[PDB]
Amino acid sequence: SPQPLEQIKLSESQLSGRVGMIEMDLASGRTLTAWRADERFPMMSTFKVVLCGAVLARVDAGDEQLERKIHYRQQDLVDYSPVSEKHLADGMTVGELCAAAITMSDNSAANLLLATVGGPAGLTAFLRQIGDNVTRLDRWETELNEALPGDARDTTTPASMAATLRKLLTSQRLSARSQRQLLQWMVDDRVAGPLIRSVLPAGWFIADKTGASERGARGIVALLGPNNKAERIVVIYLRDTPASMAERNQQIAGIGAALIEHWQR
């Protein structure tokens, strides 16, 4: 593989789309690689990590409990509810809802949790309160995945998302237990985590949340590193490509390959 920046450029040429990426040390925030890091990209399901950070902040303040059971109705469900459609009789706890949102990308779980933090506007306010002045959530699932060209709704930048993830995971804004919970939910991703491990060399840590839109977008927020350590945050977003989902996936994987082969920068 080529050097990471060279591979990112090649991916734009092959996809005819825009790529945005940051690679950052998790412990310190050192930025190693920036490419279109201040340009906007749709978050898609990657927003669910920030959502559950806001839920955990409420738990830490005594305004929520991960144990609290939410009884919801079938009319509350939106498209793609693999976990939440199974619990119309018995409900789900707040913590189960976050696990479903992050680890299964369950959309109805995410909307139930979004309500608890004051909707898109409440989540955006939380972001402002932790010093992210760029990321914005405007819509609910599934409309937030529309990814219309030129639309600023439901977007982040690679730089803002990486900094926000680092804040949630490490800055002691969340309690120790809450930081550990957020990390574990990402470690437990079932959508892409197992597939990524099956193509990662031995020794590499992964934790992640992915997102997708049928209108030529794709993204991942990840923790990655050798020696089984979550050394770096890697954020990659794609937009405005006509390419197949498979080719979007392959190009993101190719950027990862370039990082792995050229890690010590």
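The first residue of the shown sequence is 1; numbering continues from there.
J.: Regarding 67-75 and 144-152, which shows the higher C-alpha temperature factor on average in the entry?
T.: The deposited B-factors put 144-152 ahead on the C-alpha mean.
J.: Which is higher on average in the deposited entry, the C-alpha temperature factors of 219-227 or of 194-202?
T.: According to the entry, 194-202 carries the higher average C-alpha B-factor.
J.: Checking the entry, which one of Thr116, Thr103, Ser178, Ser160 has the top C-alpha B factor?
T.: Within the set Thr116, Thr103, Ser178, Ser160, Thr116 shows the top C-alpha B-factor.
J.: Select one of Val234, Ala57, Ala207, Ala34: the residue whose C-alpha shows the highest B-factor in the crystal structure entry.
T.: It is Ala34.
J.: Can you work out whether the C-alpha temperature factor of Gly29 puts it in the lowest, middle or highest third of the chain?
T.: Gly29: CA B-factor falls in the middle third of its chain.
J.: Which third, lowest, middle or highest, does the C-alpha temperature factor of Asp90 belong to within its own chain?
T.: Ranked within chain, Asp90 CA B lands in the highest tercile.
J.: Would you check the entry's CA temperature factor for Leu137 and let me know if it's in the chain's lowest, middle or highest third?
T.: Middle third by C-alpha B-factor.
J.: Is the Cα B-factor recorded for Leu169 in the lowest, middle or highest third of its chain?
T.: It falls in the bottom third of the chain.
J.: Based on the deposited C-alpha B factors for this chain, I'd like to know if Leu51 is in the lowest, middle or highest third.
T.: Tercile = lowest for this residue's CA B-factor.
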